[PDB]
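Summary of structural features
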Amino acid sequence: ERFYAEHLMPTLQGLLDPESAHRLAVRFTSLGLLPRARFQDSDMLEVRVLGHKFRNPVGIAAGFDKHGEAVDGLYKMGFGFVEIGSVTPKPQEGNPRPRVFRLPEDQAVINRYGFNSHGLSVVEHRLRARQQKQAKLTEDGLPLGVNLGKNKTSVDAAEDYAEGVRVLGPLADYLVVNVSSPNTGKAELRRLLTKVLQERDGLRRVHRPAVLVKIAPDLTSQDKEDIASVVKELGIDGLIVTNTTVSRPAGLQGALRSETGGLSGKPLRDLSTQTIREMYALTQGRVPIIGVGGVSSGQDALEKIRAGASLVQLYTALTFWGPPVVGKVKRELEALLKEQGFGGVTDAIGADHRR
Ligand SMILES: Cc1cc2c(cc1C)N(C[C@H](O)[C@H](O)[C@H](O)COP(=O)(O)O)c1[nH]c(=O)[nH]c(=O)c1N2
Ligand SMILES: O=C(CCNC(=O)c1ccc(OC(F)(F)F)cc1)N[C@@H]1CCCc2ccccc21
Ligand SMILES: O=C(O)c1cc(=O)[nH]c(=O)[nH]1
Ligand SMILES: [Cl-]
Ligand SMILES: [Cl-]
């Protein structure tokens, strides 16, 4: 933990640009070249939501394993669920390089990858190669999410997402549609999600995933009200809150703070927590939320859970602190739940709203 945080990760940081580090991290993870996480998950961390058991509530957010190459290595790291993607219908290269920037002084990253994606067919075949292994993992409390994007040149965003539902829906425990990358009307949102849900409902029952909407933290109050209304009206299964921010909070120190793209990590944390809090209230606590943005400790995770998240994800912290951060978050969260009088994660979900 301290070796990765203080010695290993800062050293490798000096030699590689951030995208090269990302590529190497995916390769090492896919090869299982990481010690199998030692933390054995307490019963206190189990969460039942979205039609599944989650052995622990700490997932890897989309954008780490964009193309479904490292799923098993991510479970080995101790994540209670894995989200791959975003995956676009056709392969596409994304934006020109450089397109990922570290802000070490802020424990933040700015990225403008632009949905670089191997495309649905490649990812489909990759997931098919381990489909029954995943079924067993899911039954054992380790579900798989697939985040669906759209191609840069698409003339019909809803059809891109519908294609993703059809192709990867059958391989996913849940699907995600962003209504939120920074790098690509209410009735239109309703139209898009109606089409997505119709396609999902058309899949055979054992292949029918939950559908979540992933939002940015940069929405207006009107946008959030509208999203909550549409989600309730259509029966969307959950929300992922949040994607990266195109805002630049006051106080960023990194030299690269004015690069275009989505900001992640610590400066996003509380903006994300507050968005969770608002979306939980606007949905009357009836819509599961996966909380994400700036989680690097048990306290960060519990703040999102108490604000309304049933599950959390992290990404940027993994890239600064390495794999040990996963067990750290889980151990700290367990300890804080005990300290605060909760029987388990489930009892803490939304607890701030009942104060
Ligand atoms: C380099 C990089 C790349 C991506 C992302 C992030 C980063 C840093 N994120 C967003 C990610 O899933 C998450 O929502 C935010 O990064 C906030 O979480 P952290 O602060 O990183 O824990 C992201 N989200 C998404 O829905 N699809 C994607 O393809 C990506 N790609
Ligand atoms: O650069 C950072 C923050 C600081 N960390 C490193 O520079 C770094 C270097 C080597 C490393 O070891 C590995 F074996 F080479 F991977 C792991 C991390 N984050 C990037 C950008 C976003 C995506 C991503 C994904 C994985 C790793 C880094 C990053
Ligand atoms: O591919 C990207 O640029 C990307 C997508 C997304 O949803 N979020 C993000 O921060 N980057
Ligand atoms: Cl299938
Ligand atoms: Cl706390």
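Residues numbered from 1 in each chain as written, not as in the entry; some residues may be left out. Chains lettered and ligands numbered in written order. Heavy atoms only, no water. Residues with missing side-chain atoms left out of burial classes, pairs and counts.

- For the chain, the PDB entry supplies the name Dihydroorotate dehydrogenase (quinone), mitochondrial and the organism Homo sapiens.
- Listed in the archive, the entry goes by the title "Crystal structure of human dihydroorotate dehydrogenase with ML390".

1. Thoughts on the site of ligand 3
- In the vicinity of ligand 3, the contacting residues are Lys66, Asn111, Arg112, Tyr113, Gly114, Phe115, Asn178, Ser181, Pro182, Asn183, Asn243 and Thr244.
- With respect to ligand 3, the side chain of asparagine 111 contributes an N or O atom lying 2.8 Å from a nitrogen atom.
- Notes on ligand 3: free accessible area 290 Å², of which the protein chains cover 92%.
- Looking at the shell around ligand 3 residue by residue, the classes come out as three nonpolar, seven polar and two charged. (Near = heavy atom within 4 Å. Polar contact = N/O pair within 3.5 Å; in protein donor to acceptor, adjacent residues only side chain to side chain. Areas by Shrake-Rupley, 256 points an atom, 1.4 Å probe, with all protein chains shown as cover. Nonpolar A, V, L, I, M, F, W, Y, C, P; charged D, E, K, R; others polar.)

2. A few points about the packing of aromatic side chains
- Applying the stated criterion to the full structure yields five aromatic pairs.
- Ring plane angle 85 degrees and centroid distance 5.8 Å describe the contact between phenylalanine 64 and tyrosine 315, whose orientation is recorded as edge-to-face.
- Using a relative accessible area of 5% as the deciding quantity, one classes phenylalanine 64 as buried.
- Each ring, one from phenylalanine 320 and one from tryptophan 321, has its centre 6.3 Å from the other, and the planes form 45 degrees; the classification is tilted.
- Aromatic rings pair up to connect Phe54, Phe81 and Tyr174 into one cluster.
- Between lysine 66 and the ring centre of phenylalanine 115, over which it is positioned, the NZ or CZ distance is 5.8 Å. (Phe/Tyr/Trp six-rings, centres within 6.5 Å; stacked < 30°, edge-to-face > 60°. Buried < 20%, exposed > 50% of the residue type's maximum accessible area, 1.4 Å probe, protein only. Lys NZ or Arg CZ within 6 Å of the ring centre and 35° of its normal.)

3. Looking at the sheet that holds strand β5 (residues 100-103)
- Strand order in the open sheet formed by three strands is β5-β6-β11, with antiparallel pairing between adjacent strands. Looking at the sheet topology across the chains shown, the edges are occupied by β5 and β11 (262-265). With strand direction ignored, the average angle separating the axes of adjacent strands in the sheet is 20 degrees.
- The sheet contact formed by strand β6 (residues 108-111) and β11 spans four bridges and is antiparallel. Of the residues in β11, the one forming a bridge with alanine 108 is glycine 265. (Pairing = 2+ DSSP bridges. Helix = DSSP H or I, 4+ residues; strand = E, 2+ residues; numbered from the N terminus. Axes fitted to C-alpha atoms, helices over the stretch in contact; angles between N-to-C directions.)

4. A short note on the site of ligand 1
- Inspection of the region around ligand 1 gives 23 residues, with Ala62, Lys66, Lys214, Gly294 and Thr316 positioned closest.
- A distance of 2.7 Å separates an oxygen atom of ligand 1 from a polar atom in the backbone of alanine 62.
- The contact in question runs from an oxygen atom of ligand 1 to an N or O atom on the side chain of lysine 214, over 2.8 Å.
- Contact with the protein chains covers 97% of the free accessible surface of ligand 1, which is 600 Å².
- Broken down by class, the residue content of the shell around ligand 1 amounts to seven nonpolar, 14 polar and two charged.

5. Regarding the nonpolar core
- By size, the foremost hydrophobic cluster in this structure holds 90 residues, and its most contacted members are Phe79, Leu168, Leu239 and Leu337.
- In this structure, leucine 239 is in contact with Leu212, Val213, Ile227, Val231, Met279, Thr283, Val287, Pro288, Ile289 and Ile290, ignoring residues within four places of it in sequence. (Core = buried A, V, L, I, M, F, W, Y, C linked by side-chain atoms within 4.5 Å. Contact = heavy atoms within 4.5 Å.)

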